[PDB]
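A.B. asks: Mind folding the following:
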Amino acid sequence: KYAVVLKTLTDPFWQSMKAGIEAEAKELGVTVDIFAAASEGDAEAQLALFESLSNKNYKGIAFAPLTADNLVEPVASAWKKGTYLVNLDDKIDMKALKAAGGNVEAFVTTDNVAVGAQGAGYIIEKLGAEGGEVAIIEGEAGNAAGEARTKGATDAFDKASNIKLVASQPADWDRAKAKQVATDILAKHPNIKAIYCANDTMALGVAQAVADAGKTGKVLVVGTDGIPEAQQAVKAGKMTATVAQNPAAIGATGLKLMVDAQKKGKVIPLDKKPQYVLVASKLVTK
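C.D. replies: Numbering: from 1, shown residues only. Take a look at the structure below.
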């Protein structure tokens, strides 16, 4: 049997990952027990949950760590016991894991450079031959996913000859700061035709700034994550689109890699790097 430790099970992202794991488990004909800590946003509770999956006979464990290092010790313990481990979504601190004498078979996550390229690419297509001025609302400095989305969008915009990136400023994943940053940007660059946002919380605030500026329907607003309010905003025309991740495929892929890894009969050696598997995201429109 196999086990999966998710972050929560109330967030639709994680519910969808659970759904994908179960659908893939049926296809593969394997039994998977899927868990989330009862105490949410609690790094030690997820640690204790993982450690509780030690008396059980799980051949492999896939996990989405609440923090970079909160599962380092139990993951190292599982690896030393021969458990086939797959890191889901957010990357475990591999430096800390290796220093603890452990490793994982694979890391399955979203390609966040491609996410930014996808949101920018949708904007480029929507602006047609005329193109125009565009802006990027960045995430908080030091966040790897946000830097990758900013890079992917910046590179895509730069390659498009009719597209001019006139602003690229952080709003620190904050809805109110994004509205204020976008309002400033729309005031200094009134010809802007599109804004890519590194996440939906910022995009929703940017959508308000565009509305407040009198440019509803005139400035495209593209978010990232596909959170429910962004999907609602896209349907209502308040946002143009959002780049949604595919947690179902992340989970299904993580299970497949776990089942394939156990066929080896031996876990990944300490001196090998885990397989790196990127899952494509999907544009939410209409």
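A.B. asks: State the three-state secondary structure for residue 142.
C.D. replies: Here residue 142 is recorded as coil under DSSP: H, G, I helix; E, B strand; the rest coil.
A.B. asks: can you map out the helices along the stretch 51-200 of the chain?
C.D. replies: 72-80, 94-99, 112-126, 144-159, 175-188, 200-212 (DSSP state H, counting those that start in this stretch).
A.B. asks: Including distance to residue 18 and mean neighbour count, could the ones you listed go into JSON lines?
C.D. replies: (Each C-beta comes from the backbone N, C-alpha and C, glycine too.) Shown next, in JSON lines, are these (distance: least, C-beta to C-beta, whole Å; neighbours: other C-beta atoms under 10 Å):
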{"stretch": "helix 72-80", "distance to residue 18": "20", "mean neighbour count": "21"}
{"stretch": "helix 94-99", "distance to residue 18": "24", "mean neighbour count": "16"}
{"stretch": "helix 112-126", "distance to residue 18": "22", "mean neighbour count": "22"}
{"stretch": "helix 144-159", "distance to residue 18": "21", "mean neighbour count": "20"}
{"stretch": "helix 175-188", "distance to residue 18": "27", "mean neighbour count": "19"}
{"stretch": "helix 200-212", "distance to residue 18": "21", "mean neighbour count": "25"}
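A.B. asks: Show me the one of these that comes nearest residue 274.
C.D. replies: Between residue 274 and the helices of the stretch 51-200 of the chain, the shortest separation by C-beta to C-beta is 7.5 Å, and it involves helix 94-99.
A.B. asks: Keeping just the C-alphas, turn that closest one into CSV.
C.D. replies: Extracted in CSV, the C-alpha atoms of helix 94-99 (Å, rounded to 0.1, in the frame of the first residue of the first chain):
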residue,chain,number,x,y,z
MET,A,94,17.1,18.8,-0.1
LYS,A,95,20.3,20.2,1.6
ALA,A,96,18.8,19.5,5.0
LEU,A,97,17.4,16.2,3.9
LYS,A,98,20.7,14.9,2.6
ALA,A,99,22.5,16.1,5.7
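A.B. asks: all strands of the stretch 151-286 of the chain, in order?
C.D. replies: 163-170, 192-197, 220-225, 241-244, 275-279, 282-284 (DSSP state E, counting those that start in this stretch).
A.B. asks: What's the local residue count around residue 69?
C.D. replies: 15 (other C-beta atoms under 10 Å).
A.B. asks: circling back: between the helices of the stretch 51-200 of the chain, which one is nearest to residue 20?
C.D. replies: Per C-beta to C-beta, nearest to residue 20 of these: helix 112-126, 18.2 Å.
A.B. asks: Can you tell me which of the strands of the stretch 151-286 of the chain is nearest to residue 66?
C.D. replies: Comparing those by C-beta to C-beta, strand 220-225 comes nearest, at 17.5 Å.
A.B. asks: returning to what we had before: make TSV out of the helices of the stretch 51-200 of the chain and add distance to residue 266.
C.D. replies: Formatted as TSV, the helices of the stretch 51-200 of the chain follow (distance: least, C-beta to C-beta, whole Å):
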stretch	distance to residue 266
helix 72-80	11
helix 94-99	18
helix 112-126	32
helix 144-159	31
helix 175-188	48
helix 200-212	42
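A.B. asks: nearest to residue 237, of those?
C.D. replies: Among the helices of the stretch 51-200 of the chain, the nearest to residue 237 by C-beta to C-beta is helix 200-212 (9.7 Å).
A.B. asks: ok, residues contacting that closest one?
C.D. replies: Helix 200-212 is touched from outside by 137, 139, 171, 173-183, 186, 195, 197, 216, 218-219, 221-227, 229-230, 233, 238-239, 242, with contacts defined as C-beta atoms under 8 Å, 6 or more residues apart in numbering.
A.B. asks: again, 6 Å this time
C.D. replies: With contacts defined as C-beta atoms under 6 Å, 6 or more residues apart in numbering, helix 200-212 is touched by 137, 171, 173, 175, 178-179, 182-183, 195, 197, 219, 221, 223, 225, 227, 230, 238-239, 242.
A.B. asks: Can I get it in PDB? Just the C-alpha atoms.
C.D. replies: Listed next in PDB are the C-alpha coordinates belonging to helix 200-212 (Å, rounded to 0.1, in the frame of the first residue of the first chain):
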ATOM      1  CA  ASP A 200      -4.700  35.500  -8.100                       C
ATOM      2  CA  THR A 201      -4.900  37.400  -4.800                       C
ATOM      3  CA  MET A 202      -2.900  40.100  -6.400                       C
ATOM      4  CA  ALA A 203      -4.800  39.800  -9.600                       C
ATOM      5  CA  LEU A 204      -8.100  40.400  -7.800                       C
ATOM      6  CA  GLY A 205      -6.700  43.600  -6.400                       C
ATOM      7  CA  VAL A 206      -5.400  44.600  -9.800                       C
ATOM      8  CA  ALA A 207      -8.800  43.900 -11.200                       C
ATOM      9  CA  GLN A 208     -10.200  46.500  -8.700                       C
ATOM     10  CA  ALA A 209      -7.500  49.000  -9.700                       C
ATOM     11  CA  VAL A 210      -8.400  48.600 -13.400                       C
ATOM     12  CA  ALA A 211     -12.100  49.100 -12.500                       C
ATOM     13  CA  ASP A 212     -11.300  52.100 -10.400                       C
END
